[PDB]
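Colleague: just dropping in an experimental structure and the matching sequence.
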Protein chains: 2
Amino acid sequence: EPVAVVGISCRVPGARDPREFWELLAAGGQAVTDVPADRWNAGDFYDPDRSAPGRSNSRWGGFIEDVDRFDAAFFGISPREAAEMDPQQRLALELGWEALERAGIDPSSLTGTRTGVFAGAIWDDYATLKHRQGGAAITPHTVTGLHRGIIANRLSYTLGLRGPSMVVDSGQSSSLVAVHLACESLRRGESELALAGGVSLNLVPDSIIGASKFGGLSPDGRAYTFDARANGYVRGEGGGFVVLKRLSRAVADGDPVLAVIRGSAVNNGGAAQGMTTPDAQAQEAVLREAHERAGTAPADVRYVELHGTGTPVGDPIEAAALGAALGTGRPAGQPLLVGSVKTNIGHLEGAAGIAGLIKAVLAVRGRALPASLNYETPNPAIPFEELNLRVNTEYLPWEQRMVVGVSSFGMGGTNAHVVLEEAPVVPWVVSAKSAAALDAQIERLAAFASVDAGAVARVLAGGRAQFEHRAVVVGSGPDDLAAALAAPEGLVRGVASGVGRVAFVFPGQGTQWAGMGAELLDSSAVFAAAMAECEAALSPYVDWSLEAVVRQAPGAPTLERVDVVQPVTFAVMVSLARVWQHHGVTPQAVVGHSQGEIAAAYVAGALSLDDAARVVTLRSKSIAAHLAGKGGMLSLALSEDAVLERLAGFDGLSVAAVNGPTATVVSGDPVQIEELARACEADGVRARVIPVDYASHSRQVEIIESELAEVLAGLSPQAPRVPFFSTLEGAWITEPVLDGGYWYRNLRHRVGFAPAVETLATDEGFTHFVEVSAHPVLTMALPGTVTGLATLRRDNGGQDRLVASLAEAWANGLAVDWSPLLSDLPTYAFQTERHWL
Amino acid sequence: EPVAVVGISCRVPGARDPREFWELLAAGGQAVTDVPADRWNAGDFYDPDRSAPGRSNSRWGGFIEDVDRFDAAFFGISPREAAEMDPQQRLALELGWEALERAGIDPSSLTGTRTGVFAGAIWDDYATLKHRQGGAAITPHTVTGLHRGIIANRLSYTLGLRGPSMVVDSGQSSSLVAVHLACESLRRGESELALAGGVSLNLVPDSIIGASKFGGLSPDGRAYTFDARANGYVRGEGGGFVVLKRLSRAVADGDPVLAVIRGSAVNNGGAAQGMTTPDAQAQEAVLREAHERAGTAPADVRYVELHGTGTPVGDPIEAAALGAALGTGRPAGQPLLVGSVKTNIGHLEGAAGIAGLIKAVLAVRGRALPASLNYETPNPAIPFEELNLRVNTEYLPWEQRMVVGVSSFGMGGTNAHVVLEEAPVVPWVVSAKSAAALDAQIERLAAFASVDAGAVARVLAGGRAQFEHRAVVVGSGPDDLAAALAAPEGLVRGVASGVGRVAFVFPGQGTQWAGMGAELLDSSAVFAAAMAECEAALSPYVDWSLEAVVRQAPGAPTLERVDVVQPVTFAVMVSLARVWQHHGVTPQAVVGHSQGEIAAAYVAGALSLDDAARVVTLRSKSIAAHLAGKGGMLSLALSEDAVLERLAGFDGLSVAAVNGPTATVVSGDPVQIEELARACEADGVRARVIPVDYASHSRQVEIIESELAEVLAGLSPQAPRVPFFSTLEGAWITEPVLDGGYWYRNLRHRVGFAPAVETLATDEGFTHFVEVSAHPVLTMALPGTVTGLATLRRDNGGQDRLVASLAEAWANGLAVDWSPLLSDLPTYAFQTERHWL
């Protein structure tokens, strides 16, 4: 029975959104203005004589700013269709999206859901313009751009909603009827979720002429509702949506509940004293039926949001029905409070009742009742004391569940009444469909920050669409994030387009630093679990303790020797890959550089952790027992083509690695390494002698061959589960051929890393390379077109750096899921363009 | 859950009503024609080039005849408002009334009922015309004449319906959505009864331009639905209503059940391949949801009324969804039958689904499935055999409950599906709002008669409004009534206006005839009961038997003597008044003439039946024992003014009665009576010697005074419950002063009947005088302005005459209730006038 209002959006004459609407209401603000000069001239259609042909007694109204502006690209609408599209449809689209975002629901998540759309709409001023344009102005978009049911259906189409979708027209009750219909759709279980709302736009003078000939318009332009100056109403344009759910479903889904629709009723005036004369007894009947369905009694209903238009005929009849249904029955002298948002915003016509509903929701959320603005003397036609009714003349803090009624009456006598009871390091991730929209969405989130930083992060990560233009602000707490949203050039930014496949890169040398993973052992439970598993795997060989070396315990080795630094780097890389996969980034392939291949071979599933640990530990020990202190290595910023030439005259040298088409690595005898380095420094080139006492990938490695085959003989390699691009074979590895001989060849022969990345990038569609390392050493070597993503950096190796790397990956359109790292924040910054006939 | 369809009405291109619609369907008739020349020129807007500006590829459509004609007076609409009124509203009014009459419900009985109105409407061509007219054409009726919700609300207003009232727009599913909404309103108990329907009218070319630019229109003008020639649809205009009730309520109310809505569902296409592209999987989802709510399985659904438009994109998707939801699941080789009424009538747009629903109702009522007309070769895009679907190419008698589906899809992707199971002397009284309408309604009932005569009478008496122009045909049986509906100048006719108050007239002499009430003793149980009660009252005085005298038994008196004829006339008049009151005609007053006063005094409650019987019997016996054979009476067609003068020279005469201002009655000595009669015959006047051996109201009556006071002394008169106008005192009797002296004065003094009727007519507002008598003798004497109503006539005194008198009374707007005297008969003959902008 009870229906949660879980989200709201509105667009009303003085207010872009429900906070702005509440600010206007609490302030007692009046948004009735002159007619906009940009649509249609106020005075040219004005005449004080009600009988004057084709002219209105009213110069004033509630108007929405920028009804002609729409973000057609956001909804995938061509400018020609948007031009043909009724502004009511455009506004219902943007309102529907905003209202769902206000519920904290990503609207793109609703595709295929049984979500109903129930919209009230009754005016057709854009159709009036299309008609005035006459023949030949009709195009293939005219019919769908003007048909009013498309207001609901287009919203169902764009969001992919499969539930019922229809527009109701019962006049100025239509929105509240739509809410009633949505509520019954929820009670049947026909819908799991519903967008109930309505829209009206005063796009042409014809509607203010027809309303002035019908007669209801205030010659003063303000609705003195229930006041002795009740000279008529003023037209208003607006729209609103509520997102509605069963209260059980909303609480179970943890959705915010703004208010509960306890009950509602719809009836008609029937044989009133003329069709457009309101009927007090039919209004009583709606009040009573709705409150009965609400299971509610008068003493519980503290306020009614009037239909209250300030017409001299309508107000006494509404007051009489309220006193007969609610005022009497409440204790005498604690009256029912009443007011009308039409005293603030005018008569939003078809949207009128949703406006009253949203006002009431804001009143319960605010625990206060807004004033009615055009009220000095109680209308003498109304016996307010004898009804036990009081017009709420002042903002009243609302000190028993708070309960309000909302009434909406149509000119056709369709009455609706609804009873609302009151409700029973971190990333902020911002995304939009364009750079200008992204910048706007950042500026709005900064203004919002200008609060639970984590709850905001949950709403931004789970409750918002993930579009292609992405920024992330990463901060320790609310003000840290707020400051970092200033100077927004500092944010992580990126564009999620070409992603295709991801490769995990496992580097070799130069990635170590004292204390790598020490802060991460405390920060990340997955990393600590993986490092404990790696320590268990390594312990039958290393004699020391992995965690002791990482935490730099006093009695631990200090990463100075190879037989320590290589298994520690192996463990860190295995664990960091485990962390990446924990956060949604599984590798489509893995590629390793030198010893990194061992780590690759484990994350590919090729080698087992026992065997991977044995390989890394025993190869490192052989290096320390025979290769250490005997060789040297040298990085040169120069292509391997000229480098293989410069190796002439140095039989004790070789090319160790070709990391990119700009910088190679030679390895061999230390004296010849120094000779080549000095020769390069003679021609003015870049040369970086690598701090390594051994000479990997050289000839000297052959010395340890008779040792390696003795200690790696028992290996049992398996078929790689993840593809494994060997930079030794220079190609895919699809067979269990990673035995000890392979691990000797890897250490003895060149590293073909640039061939590997050129192959994976040009051929197999790999767009992102995630360097799973303690410090990036290879990402400055991939081709300019592939994305490179590091993990940890030197001395930046804690949770700060982990979330920075995950943010740079997810901004790169990677499958980052923010849940393992994790409230009225802004809705989408629509980049609205003018579209018109 | 199950909803009875209890009534239907439709107005479709070739058919005024559901019988005409079924005749078209069974005949395989096609009502698609050229565009009407009277609205807008076909060719001026035609161009074979779809791209041609402001022109349509289609010259053809389904059109309603006389969309501009409306019986505005019947609905109380001024010609100016009717002129402003959208023809869709006018047609929904007439359809709503007809549909309720088809249920056999008097629509005026529905005032204040929780009856919902649910209408689908989507086009606004009359608004298009009003808009084209520009400024200053807008009037106080433009807004209500154009607003689409008023289509529902106006019907709720005129019929006084208090239930919900709204128009739904979901495009070309809207009508069926309206039915779905009405069904859920019935299941909630929000409505006890609902009018669900829809309307669309092609009032302007703009809609056929916009539909040809959207592209769906058949360049051939015919919808080859599911056929290889599927070149598009053709537009159609129409309307339909179903009256819906809970099946339990309909069976309990004894309402006719035409079909049962077992279940329905509404969904949207959601993110279809474009908003206006149909989605086969969403259509499957509606089919499955609706059939689940129907508790139904494929083998039960024998036919589906397609949405089937003959567009080449729509038909394969609909066929695919049907085969996936119904065709497979039925046994292979006994396929699901399909067809489309759009092959007969084109696409009735917003009314489309109600048309399909009414067709299906007519199919279940008819136990046959109509053909689809534009179908020679199965569309090769559809794998009909692999779907197990067959297009019903021929009229198929439908030999397990019969079950059909109806599908309606909107261009906005709102899909609706509904499952219909098959259903689980006498007066004919004709009334209309005008003489021309009455004559038309008689001609229609004669054509209908051209059948259970009693069931027809029940439907005409209980199931039709009682308007002011009234006829009654009275006959022994169906053909007798049918013949008597020929030469309809013979009917009882009358006008129900001035009625004010009714007086029961109880006459004195000249009303007797041998055998009065003998046929009525057998025919009327109330009359026989009353006559038995009167016989019980009379028996302690009369020595004879009342029933024996009435049945003219052999040993009974033959009404020749006064002491018999007066108590028998008393009994007959008392009993006939009882009969009148049994049939709804209670007297506002009673007035008696001579001995008739005794009867009056009983029906007024003044005297009791024992005392009334004693008075009549003993006065009659005194008359026979002393007044009989001694006096004489004479009726003269002449005013009492000259008659009191002509009584000069005749001391043995007097004026006995002044019955009207034209004919008096003298009474006295027989010789002087004959002398006066001869004198009147000498001056050429009218003179009727009354066959009465006594001389009432004369001087001779004084002789019996000493007797009367001896036999009437014990009387206990009471206060008159019904007013009692004495024609002896010449005024009201409001005190218990009807003792024996009064009954002597009544017999001894004049009868002031003309004074009585002038007083009751001029003063107290009495308009109808019901002569409760065995033969009228006073009705030819009332003023020309009051209505006179007799009861029985001489030798016409059986049930024939009783129903003739009740018919003449009820045609005179008397409270006649036909129940104690008591099926697809015609609906109201609307006298439709052209109304337009």
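Modeller: Good, I have the coordinates. Numbering: from 1, shown residues only, chains lettered A, B, ... in the order given.

Colleague: what helix or strand is whatever residue of the stretch 101-250 of chain A ends up closest to chain B on?
Modeller: At 2.7 Å from chain B, residue A:153 is the closest residue in the stretch 101-250 of chain A, using C-beta to the nearest C-beta. Heads up, the C-betas are built off the backbone N, CA and C, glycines and all. Using DSSP states H and E, the element containing residue A:153 is helix A:149-159.

Colleague: after that helix, next one along is what?
Modeller: Helix A:149-159 is succeeded, C-terminally, by strand A:165-169 (DSSP H and E).

Colleague: do that following strand and chain B meet?
Modeller: Yes. Strand A:165-169 comes into contact with chain B (C-beta under 8 Å from any C-beta of the partner chain), by way of A:165, A:166, A:167, A:168, A:169.

Colleague: what about whatever helix or strand residue A:457 lives in, distance to the chain center?
Modeller: In this assignment (DSSP H and E), residue A:457 forms part of helix A:453-462. Put simply, helix A:453-462 sits 9 Å off its chain's centre (C-alpha atoms, centre = their mean, to the nearest Å).

Colleague: list the buried residues in that helix.
Modeller: Using 16 or more other C-beta atoms under 10 Å in any protein chain shown as the test for burial, helix A:453-462 gives A:453, A:456, A:457, A:458, A:459, A:460, A:461.

Colleague: which elements pack onto it?
Modeller: Counting by 3 or more C-beta pairs under 8 Å, 6 or more residues apart in numbering or on different chains; DSSP states H and E, the packing neighbours recorded for helix A:453-462 are strand A:426-432, helix A:478-485.

Colleague: returning to what we had before: and the residue of the stretch 101-250 of chain A closest to chain B, how many neighbours?
Modeller: Using other C-beta atoms under 10 Å in any protein chain shown, residue A:153 is surrounded by 33 other residues.

Colleague: please name the nearest non-neighbouring residue to it.
Modeller: residue B:412 (2.7 Å; C-beta to C-beta, 6 or more residues apart in numbering or on different chains).

Colleague: quick one: contacts for residue A:745?
Modeller: Counting by C-beta atoms under 8 Å, 6 or more residues apart in numbering or on different chains, residue A:745 makes contact with residue A:728.

Colleague: buried residues, the helix or strand containing it. List them.
Modeller: Secondary structure assignment for residue A:745, by DSSP H and E: helix A:740-748. For helix A:740-748, burial by neighbour count (16+ other C-beta under 10 Å) applies to A:740, A:742, A:743, A:744, A:746, A:747, A:748.

Colleague: which is the next helix or strand following it?
Modeller: helix A:753-762.

Colleague: neighbouring contacts of that following helix?
Modeller: Helix A:753-762 is contacted by residues A:501, A:503, A:589, A:591, A:593, A:657-661, A:725-727, A:730-731, A:766-767, A:769, A:778, A:781-783, A:785-786 when judged by C-beta under 8 Å, 6+ apart.

Colleague: and stretch A:698-710, how far out from the chain's middle?
Modeller: 56 Å.

Colleague: near chain B too, which of the buried residues of helix A:740-748?
Modeller: Within the buried residues of helix A:740-748, nothing lies near chain B by C-beta under 8 Å from any C-beta.

Colleague: residue A:230: neighbour count?
Modeller: Going by other C-beta under 10 Å, the residues that sit close to residue A:230 add up to 25.

Colleague: before we move on, what about the one 10 residues further on?
Modeller: Residue neighbour count, defined by other C-beta under 10 Å, stands at 33 for residue A:240.

Colleague: so what's it closest to, chain neighbours aside?
Modeller: Residue A:240 sits nearest to residue A:354 (C-beta to C-beta, 6+ apart), 3.7 Å away.

Colleague: ok, the one you found to chain B distance?
Modeller: Distance of residue A:354 to chain B, computed by C-beta to the nearest C-beta, to the nearest Å: 15 Å.

Colleague: how far does the helix or strand containing that residue sit from the chain's center?
Modeller: Element membership of residue A:354, judged by DSSP H and E, is helix A:352-366. Mean-position distance between helix A:352-366 and its chain equals 26 Å (C-alpha atoms, centre = their mean).

Colleague: and what of stretch A:185-196?
Modeller: On the basis of C-alpha atoms, centre = their mean, stretch A:185-196 sits 24 Å off its chain's mean C-alpha point.

Colleague: export only the CA atoms of that stretch, formatted as CSV.
Modeller: Only the C-alpha atoms of stretch A:185-196 are listed here, as CSV (Å, rounded to 0.1, in the frame of the first residue of the first chain):
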residue,chain,number,x,y,z
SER,A,185,0.6,0.4,-10.9
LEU,A,186,3.0,-0.1,-7.9
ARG,A,187,0.4,-1.8,-5.8
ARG,A,188,-0.6,-4.3,-8.5
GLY,A,189,3.1,-5.0,-9.0
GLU,A,190,2.6,-4.1,-12.7
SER,A,191,5.5,-1.7,-12.1
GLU,A,192,8.5,-2.1,-9.8
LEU,A,193,9.3,1.6,-10.2
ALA,A,194,7.4,4.5,-11.7
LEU,A,195,8.1,8.0,-13.0
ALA,A,196,4.9,9.9,-12.1
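
Colleague: ok so, going back, for the buried residues of helix A:740-748, work out which two are farthest apart.
Modeller: A:740 and A:748 (12.2 Å; C-beta to C-beta).

Colleague: now for the two: what residues contact both?
Modeller: Joint contacts of residue A:740 and residue A:748 (C-beta under 8 Å, 6+ apart) do not exist.

Colleague: now for residue A:12, how many residues are close by?
Modeller: 30.

Colleague: right, and it touches residue A:29 too?
Modeller: No. Using C-beta atoms under 8 Å, residue A:12 is not in contact with residue A:29, being 10.9 Å away.

Colleague: who are the packing partners of the host helix or strand of residue A:302?
Modeller: Assessed by DSSP H and E, residue A:302 sits inside strand A:301-305. On a contact count with 3+ C-beta pairs under 8 Å, 6+ apart, strand A:301-305 meets strand A:336-339, helix A:352-366, strand A:403-409.

Colleague: partner strands of it and their direction?
Modeller: According to DSSP bridges, strand A:301-305 forms sheet pairs with strand A:336-339 (parallel), strand A:403-409 (parallel).

Colleague: tell me the helix or strand right after the shortest one.
Modeller: What that stands for is strand A:336-339. In N-to-C order, the element after strand A:336-339 by DSSP H and E is helix A:342-345.

Colleague: same deal with the last one?
Modeller: Taking DSSP H and E as the definition, the helix or strand that follows strand A:403-409 towards the C-terminus is strand A:414-422.

Colleague: just list what that following strand packs against, helices and strands only.
Modeller: Using 3+ C-beta pairs under 8 Å, 6+ apart: strand A:414-422 touches helix A:174-188, strand A:259-268, helix A:280-293, helix A:352-366, strand A:403-409, helix B:149-159.

Colleague: if we use 6 Å, what do you get?
Modeller: Secondary-structure packing of strand A:414-422 (3 or more C-beta pairs under 6 Å, 6 or more residues apart in numbering or on different chains; DSSP states H and E): helix A:174-188, strand A:259-268, helix A:280-293, strand A:403-409.

Colleague: for it, which outside residues touch it?
Modeller: A:170, A:173, A:176-177, A:180, A:259-260, A:262-268, A:282-283, A:286-287, A:290-291, A:294, A:296, A:360, A:364, A:401-409, B:153, B:165 (C-beta atoms under 6 Å, 6 or more residues apart in numbering or on different chains).

Colleague: centre of the chain to stretch A:208-221, how far?
Modeller: Put simply, stretch A:208-221 sits 44 Å off its chain's centre (C-alpha atoms, centre = their mean).

Colleague: now do the buried residues in that stretch.
Modeller: By neighbour count on 16+ other C-beta under 10 Å, the buried set for stretch A:208-221 is A:208-214, A:216-221.

Colleague: cool, and stretch A:760-770?
Modeller: So stretch A:760-770, judged by 16+ other C-beta under 10 Å, has buried residues A:760, A:761, A:766, A:767, A:768, A:769, A:770.

Colleague: out of those residues, what pair is the most spread apart?
Modeller: The widest separation within those (C-beta to C-beta) is 13.8 Å, between A:761 and A:770.
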